[PDB]
Amino acid sequence: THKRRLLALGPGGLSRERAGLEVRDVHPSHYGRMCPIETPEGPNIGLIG
DNA sequence: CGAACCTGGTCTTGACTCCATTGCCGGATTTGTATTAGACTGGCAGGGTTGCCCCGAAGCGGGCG
């Protein structure tokens with residue numbers, strides 16, 4: 001699970017200081033394409049899936 | 001009762017040794033400067049991608065003198 005992991009913060013990706021809370025949220029196009037359960041639990045909720 | 005003894009510190013003499021310490025002294029290296037003569041004549045360059053708030057500044061529409 002450290003491979004096959006989707007990340008959302010990099011060069012050209014969204015930094016935490018510019019992170020919008022809309023991108024944190026799941027929405028029903030993740031069904032089958034991402035997992036709403038598994039994500040980091042600290043301040044990086046929803047960015048890393 | 002008095003006379004020597006050997007030995008502690010306490011100190012002195014003088015000779016010996018040994019090593020710092022400059023002083024050259026000659027050479028090695030190293031730091032800075034100058035000089036290249038055909039002709040050359042205006043840059044690459046991504047972080048920006050928030051949200052909110054306060055505020056300063058431009059700019060134009062609005063009445064105005």
# chains A, B, ... in the order shown; residues from 1 in each chain; ligands from 1
call {"tool": "closest_atom_pairs", "arguments": {"of": "chain B", "to": "chain A", "cutoff": "9 Å", "atoms": "only C-alpha atoms (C1' of nucleotides)", "output": "CSV"}}
result
residue,atom,partner,partner_atom,distance
B:49,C1',A:12,CA,8.2
B:50,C1',A:18,CA,4.6
B:51,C1',A:20,CA,8.6
call {"tool": "select_by_dssp", "arguments": {"residues": "range 10-39 of chain A", "states": "alpha helix (DSSP H)", "output": "NGL selection string"}}
result
:A and (21-24)
call {"tool": "residues_around", "arguments": {"residues": "residue 26 in chain A", "least_positions_apart": "6", "cutoff": "12 Å", "atoms": "only C-alpha atoms (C1' of nucleotides)", "output": "compact mmCIF listing (two decimals) with N, CA and C atoms, in the first residue's frame"}}
result
# COMPACT_ATOMS: atom_id res chain seq x y z
N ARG A 33 -12.64 3.71 -8.25
CA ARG A 33 -11.41 4.33 -8.68
C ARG A 33 -10.55 4.82 -7.53
N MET A 34 -11.06 4.78 -6.31
CA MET A 34 -10.31 5.19 -5.13
C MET A 34 -11.02 4.61 -3.92
N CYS A 35 -10.38 4.73 -2.77
CA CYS A 35 -10.95 4.16 -1.57
C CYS A 35 -11.29 5.26 -0.60
N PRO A 36 -12.56 5.42 -0.23
CA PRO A 36 -12.90 6.47 0.72
C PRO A 36 -12.51 6.15 2.13
N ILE A 37 -12.21 4.89 2.44
CA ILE A 37 -11.87 4.56 3.81
C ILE A 37 -10.43 4.93 4.11
N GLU A 38 -9.50 4.49 3.27
CA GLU A 38 -8.09 4.55 3.62
C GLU A 38 -7.48 5.87 3.18
N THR A 39 -6.96 6.61 4.15
CA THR A 39 -6.25 7.86 3.94
C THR A 39 -5.52 8.19 5.23
N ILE A 45 -5.48 14.42 5.52
CA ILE A 45 -6.69 13.69 5.22
C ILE A 45 -7.10 13.98 3.80
N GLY A 46 -7.52 12.95 3.07
CA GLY A 46 -8.12 13.14 1.77
C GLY A 46 -7.19 13.52 0.65
N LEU A 47 -6.01 14.06 0.94
CA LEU A 47 -5.05 14.32 -0.12
C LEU A 47 -4.45 13.02 -0.62
N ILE A 48 -3.87 12.25 0.29
CA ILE A 48 -3.27 10.97 -0.02
C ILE A 48 -4.36 9.92 0.09
N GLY A 49 -4.61 9.19 -0.99
CA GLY A 49 -5.62 8.15 -0.93
C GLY A 49 -5.02 6.79 -1.17
